[PDB]
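Chemist: Coordinates only, no sequence provided:
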Ligand SMILES: *CC(=O)[C@H](C[C@@H]1CCNC1=O)NC(=O)[C@H](CC1CCCCC1)NC(=O)[C@@H](NC(=O)OCc1ccccc1)[C@@H](C)OC(C)(C)C
Ligand SMILES: *CC(=O)[C@H](C[C@@H]1CCNC1=O)NC(=O)[C@H](CC1CCCCC1)NC(=O)[C@@H](NC(=O)OCc1ccccc1)[C@@H](C)OC(C)(C)C
């Protein structure tokens, strides 16, 4: 029993974090085999951030311009290349702590753990979702760029996020591990803004199932609804449209609790129309949307990693 | 910017988790140097749980009755002893991954990270507080006992919790790493209940300071209050009394934001008396009480560990 915003164990990723210094700029890097991945704006100076041409900035650098430190050990850079907005520093030593891993670009709505890091040293771990507007609501200070987001499946670390910048509303923007930003953002310090966000409907529904699995039924009702009539109310409350795909994904949770997906939708509709009336669900007074259907099954059933 | 319920990086503790099997009972253990710590009820059978005498149960066991597995490696038990409600299995191999560590018994109100584990394999990490009634609101399934709670200071892991049982309200009870339960609970399956809980006042105040550090001021007011007049309203809303000690602890946060502690108390009083009126604080529609003053400073300033 109980339900918490749970992150994956972070040890496999802690063994990969390093410090990268070039010029006056220091940030975090990810050391896998003999390559260190980090944000390309590490080559920018205090006047290079307004509108840089990174190809032209990179051709002017030598390998010895990059200081890479793993613990109290200098790593030696023997090559470099730019891929999109990430820089790849080839070093002469393979990381002995390299886990099994993949690079994956996730869809909005999916969740991951963030290992926040400063100067190559892990600071803390928390769970995030990619919002529909391709920002993440993180917790990041100066010097956190290069920290990564990840999922773990059995023994394999699927890296999905590298942190780059903060936007004026206090939300955060970054790339996949191949240097492609999530969303329309670019790595220069010109005016950019998040864009309007929406609530991740399928996730709110998964979390209502988590509540039922854990003992709450107070929000259920005897009604049902059709997908279209649901989506009509969802649109009004700035919720994402629920697709037939989302319905099928909620299949296992529906079958374990015996509440049909559209019946749970009728419950959400009533919660949206009437509020929660001073009641809470799983310790929350808001409809929570940063648990996927997979997250709920994982935590309400006990899946481990090795 | 941003504020998240952040756990400590869990790698140092993942390297210590093991599986302990005796009879038909399997749970998690903590391997530090050449000792494995685990809950003593691992020696209980399906009819030993009603009212066991553990001393009498333990004298009847031999070393070879205990199967300890670290990864795919059998560890050999060469001795055993009971300390309060924890069993200490001396094994012939020191754990090479033993971090620097301490065993500490924490006060109600303090927070820690929990590495939830099944069969010696980490499942996830989340942040918890010791509630005033000496339970924790965890996320735990069958087979999670022996999972530990911890804090990290620089390089040192301060272990403070080992999980033992769930209580009928869905909250959780366990011991410090020397086998002493938090609260009045005992490790047998007779009727026990949590006892009424209260809100951790000093922590709610620390979290209001986190909100101000991060940009919100909407809940502030021009009023002040005295400690006694505050505590008079706090008592009505089932809040813990705020002591002069709590006031001093909130000193750094008060000085960094320029809001006197008693002025922030006057703000909390108004929030308690009037509710939040459909507004949120740091993404929450409830007054959050599982961040200590230390937690806020750590996350709003960037303290790392190595
Ligand atoms: C890499 C890092 O460690 C930091 C981490 C951020 C600082 C505070 N929280 C963070 O997540 N990243 C930066 O400071 C980053 C620097 C690079 C250098 C140039 C190429 C990309 C950014 N800058 C920002 O995050 C910056 N955001 C920003 O400029 O957004 C575009 C913009 C510009 C003007 C108006 C609107 C939008 C931050 C520091 O600036 C604000 C004011 C948005 C917080
Ligand atoms: C060690 C474990 O892996 C599990 C973990 C719990 C199971 C579900 N969530 C958990 O945190 N621990 C137990 O199952 C534990 C077994 C030991 C064996 C005897 C010595 C101490 C307990 N049992 C419980 O947690 C049990 N709680 C319980 O008996 O509380 C006392 C009580 C008895 C009767 C009435 C009221 C209170 C759970 C499994 O039983 C309830 C119904 C309270 C969930």
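Modeler: Noted; the coordinates are in hand. Residues are numbered from 1 along each chain as shown, chains lettered A, B, ... in the order given. Ligands and ions are numbered 1, 2, ... in the order given.
Chemist: make it CA atoms for all contacts and neighbour counts henceforth
Modeler: Will do.
Chemist: And for chain A, the residue most distant from the center?
Modeler: residue A:222 (36.3 Å; CA atoms, centre = their mean).
Chemist: So the residue of the stretch 151-300 of chain A at minimum distance from ligand 1, which state does it fall into?
Modeler: Relative to ligand 1, the nearest point of the stretch 151-300 of chain A is residue A:165 (3.2 Å; CA to the nearest ligand atom). Here residue A:165 is recorded as strand under DSSP: H, G, I helix; E, B strand; the rest coil.
Chemist: List the residues that contact it.
Modeler: A:145, A:172, A:173, A:174, A:187 (CA atoms under 8 Å, 6 or more residues apart in numbering or on different chains).
Chemist: Name the nearest residue to the residue of chain A at minimum distance from chain B, ignoring sequence neighbours.
Modeler: For chain A and chain B, the shortest gap (CA to the nearest CA) falls at residue A:11, measuring 3.5 Å. Leaving aside its chain neighbours, residue A:11 sits nearest to residue B:11 (3.5 Å; criterion: CA to CA, 6 or more residues apart in numbering or on different chains).
Chemist: coming back round to it: among the contacts of residue A:165, which lie within strands?
Modeler: Per DSSP state E, strands hold the following members of the contacts of residue A:165: A:172, A:173, A:174.
Chemist: Can you select the buried ones from those residues in ChimeraX?
Modeler: One line in ChimeraX is enough to select the buried ones among those; burial here means 16 or more other CA atoms under 10 Å in any protein chain shown:
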select /A:172,173,174
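Chemist: can you redo the ones in strands among the contacts of residue A:165 as TSV with distance to residue B:239?
Modeler: As requested, the ones in strands among the contacts of residue A:165 are exported to TSV (distance: CA to CA, whole Å):
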residue	distance to residue B:239
A:172	35
A:173	38
A:174	41
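Chemist: where's residue A:231, which helix or strand?
Modeler: For residue A:231, the element it lies in under DSSP states H and E is helix A:227-236.
Chemist: typed the wrong thing, it's residue A:125
Modeler: Here residue A:125 is assigned to strand A:121-129, by DSSP H and E.
Chemist: contact partners of whichever helix or strand comes after that strand?
Modeler: Next helix or strand after strand A:121-129 toward the C-terminus (DSSP H and E): strand A:148-153. Residues outside strand A:148-153 that contact it (CA under 8 Å, 6+ apart) are A:8, A:30, A:112-116, A:157-163, A:305.
Chemist: What residue in chain A comes nearest to ligand 2?
Modeler: residue A:1 (5.6 Å).
Chemist: Is it correct that that residue is in contact with residue B:139?
Modeler: Yes: with contacts counted by CA atoms under 8 Å, residue A:1 reaches residue B:139, the gap being 5.8 Å.
Chemist: Specify which residue of the two has the higher count of neighbours.
Modeler: Shown here are residue A:1 and residue B:139; by other CA atoms under 10 Å in any protein chain shown, residue B:139 has more neighbours (25 against 20).
Chemist: So for that one, what's the nearest residue that isn't a sequence neighbour?
Modeler: Per CA to CA, 6+ apart, closest to residue B:139 is residue A:2, 4.2 Å.
Chemist: For chain A, which segments count as helices?
Modeler: For chain A, the helices defined by DSSP state H occupy A:11-14, A:54-59, A:201-213, A:227-236, A:244-249, A:251-257, A:261-274, A:293-301.
Chemist: Go through those and name the closest to residue B:204.
Modeler: Taking CA to CA, helix A:201-213 is the member of these nearest to residue B:204, at 25.0 Å.
Chemist: And the contacts of that closest one?
Modeler: By CA under 8 Å, 6+ apart, helix A:201-213 touches A:3, A:109, A:217, A:239-242, A:246-247, A:250, A:253-254, A:257, A:264-265, A:268, A:281-282, A:287-293, A:296, A:300.
Chemist: Buried only: go through those residues for me.
Modeler: With neighbours counted by 16+ other CA under 10 Å, the contacts of helix A:201-213 contain buried members at A:3, A:109, A:239-242, A:246-247, A:250, A:253-254, A:264-265, A:268, A:281-282, A:287-293, A:296, A:300.
Chemist: Flag every residue of the stretch 201-306 of chain A that's near chain B.
Modeler: Residues of the stretch 201-306 of chain A lying close to chain B (CA under 8 Å from any CA of the partner chain) are A:284, A:285, A:286, A:299, A:300, A:301, A:302, A:303, A:304, A:305, A:306.
Chemist: could I get those as CSV with distance to ligand 2?
Modeler: Compiled in CSV, these are given as follows (distance: CA to the nearest ligand atom, whole Å):
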residue, distance to ligand 2
A:284, 21
A:285, 24
A:286, 26
A:299, 12
A:300, 11
A:301, 11
A:302, 11
A:303, 14
A:304, 14
A:305, 18
A:306, 19
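Chemist: Make a ChimeraX selection of whichever of the residues you listed turn out to be buried.
Modeler: Buried residues within these, by 16+ other CA under 10 Å, are selected in ChimeraX with:
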select /A:285,286,299,300,302,303,304,305
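Chemist: Summarise which helices and strands the helix holding residue A:231 is packed against.
Modeler: helix A:261-274 (3 or more CA pairs under 8 Å, 6 or more residues apart in numbering or on different chains; DSSP states H and E).
Chemist: Check which residues of the helix it packs on are buried.
Modeler: So helix A:261-274, judged by 16+ other CA under 10 Å, has buried residues A:261, A:262, A:263, A:264, A:265, A:266, A:267, A:268, A:269, A:270, A:272.
Chemist: what's the angle between that helix and helix A:227-236?
Modeler: Angle, helix A:261-274 to helix A:227-236, by axes from the mean of the first three to the mean of the last three CA atoms, to 10 degrees: 30 degrees.
Chemist: What helices and strands are in contact with helix A:261-274?
Modeler: Right, helix A:261-274 is packed against helix A:201-213, helix A:227-236 by 3+ CA pairs under 8 Å, 6+ apart.
Chemist: Give me whichever of these is most buried.
Modeler: Among the helices and strands packed on helix A:261-274, helix A:201-213 has the highest mean neighbour count (mean count of other CA atoms under 10 Å in any protein chain shown), at a mean of 23.
Chemist: Just want the angle from that one to helix A:227-236.
Modeler: Going by the same axes, to 10 degrees, helix A:201-213 makes 100 degrees with helix A:227-236.
Chemist: what are the bridge partners for residue A:284, then?
Modeler: Beta-bridge partners recorded for residue A:284 (DSSP bridges): residue A:281.
Chemist: Go through the ones in strands among the contacts of residue A:165 and name the one nearest residue B:102.
Modeler: residue A:172 (36.3 Å).
Chemist: OK, contacts around that closest one?
Modeler: A:135, A:136, A:137, A:138, A:163, A:164, A:165, A:166.
Chemist: What is the burial count for the first one?
Modeler: When you say that, I think you mean residue A:135. Residue neighbour count, defined by other CA under 10 Å, stands at 25 for residue A:135.
Chemist: for the last one, same thing?
Modeler: Other residues lying near residue A:166 total 23 when counted by other CA under 10 Å.
Chemist: and what of the second one?
Modeler: The burial metric for residue A:136, expressed as a neighbour count using other CA under 10 Å, is 23.
Chemist: quick one: it and residue A:112, what's the gap?
Modeler: With the distance defined as CA to CA, to the nearest Å, residue A:136 ends up 10 Å from residue A:112.
Chemist: before we move on, the earlier item: spatially, which two of the contacts of residue A:172 are the most separated?
Modeler: The widest separation within these (CA to CA) is 13.3 Å, between A:137 and A:164.
Chemist: quick one: which of those two has more around it?
Modeler: It is residue A:164, of residue A:137 and residue A:164, that has more neighbours when counted by other CA under 10 Å, with 26 against 21.
Chemist: which ones are touching the more buried one?
Modeler: A:39, A:145, A:146, A:172, A:173, A:174, A:175, A:187.
Chemist: Determine which two of these are furthest apart.
Modeler: Counting by CA to CA, the most remote pair of those is A:39 and A:172, 14.4 Å apart.
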